[PDB]
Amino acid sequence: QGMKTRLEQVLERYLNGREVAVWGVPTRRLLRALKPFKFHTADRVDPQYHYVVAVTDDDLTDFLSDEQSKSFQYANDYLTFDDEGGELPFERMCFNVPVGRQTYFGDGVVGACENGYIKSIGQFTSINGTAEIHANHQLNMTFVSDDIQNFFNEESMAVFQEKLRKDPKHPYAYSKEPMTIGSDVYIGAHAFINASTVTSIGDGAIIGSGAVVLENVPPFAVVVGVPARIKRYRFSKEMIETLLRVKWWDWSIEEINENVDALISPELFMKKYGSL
């Protein structure tokens, strides 16, 4: 019943008949994910024969200081286990939340993926690890608690859950669409997005540090403050829609390199793609 690890998705694509070399104190969840593969505790490693798996980020710090690590490419030959939110060169799943290329995030939103709060996360999105995404409890009852249900019997729970499924303010993200976090998004430190009231973080939206987001963010909007407010937009409204049609975040690696000057210069991006 174990969900598919981020490590499992990498090994499925890059192990290539090698043996996994565990770098660090192995854990029960790691051993569980490493069952269908040949693995051993790492000593002397070779990218021809071994794929290095550092258990903790502390273990990766140790591996990347070692001389043997210089022959190992990120993702292609090594990876960290305890980093479910780490970026990848391909489109992955987090639990069952699709996550695009070069998109990383922390543990608060990994849990938000587990809670069914997020529908999907786009490409090239940078989310600070300390960002958090939680829902609201019911606000229309005599109690605000959630774990009182542990004391509810079958009859008391049927009538509790029935009201939640009808609450139009979506407690615990009920009866609402899971939120989509677009591509080219930046989320600052200590940011919070209410999962009960937000369904869309637009493409290109920039959420400032310490911002509390209670509503949808328009595409390429910059929001700051408690509560978050639109301070500026990244580009004009004509480039905003042109961006939403050109969709550079879905290019190939060869196309990204072939349009580097357009990605580096928004003015040149317009002179190249803003055809009418």
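So that there is no doubt, residue numbering starts at 1 and follows the sequence shown. Throughout, rigid core stands for the largest set of C-alpha atoms superposing within 1.5 Å between the two forms.
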Name the stretch, 221-229 or 36-44, whose C-alpha atoms sit farther from the shown form on average in 7 other deposited structures of this protein, taking the rigid core as the superposition reference.
36-44
Looking only at C-alpha temperature factors in the entry, 267-275 or 4-12, the higher average sits in 267-275
Out of 150-158 and 102-110, which stretch has the higher average CA B-factor listed in the record?
150-158
Sort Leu31, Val213, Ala54, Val222 by C-alpha B-factor from the entry and give me just the highest.
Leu31
Could you tell me which one of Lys119, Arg92, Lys166, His137 shows the highest CA temperature factor in the PDB record?
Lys166
Classify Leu244 as lowest, middle or highest third according to the C-alpha B-factor given in the PDB entry, relative to its own chain.
highest
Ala228 CA temperature factor, ranked by third within the chain
middle
How does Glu177 rank on Cα B-factor within its chain, lowest, middle or highest third?
middle
Entry-reported Cα temperature factor of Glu84, expressed as the chain third it lands in
highest
Chain third (lowest, middle, highest) by recorded CA B-factor, residue given as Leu64:
middle
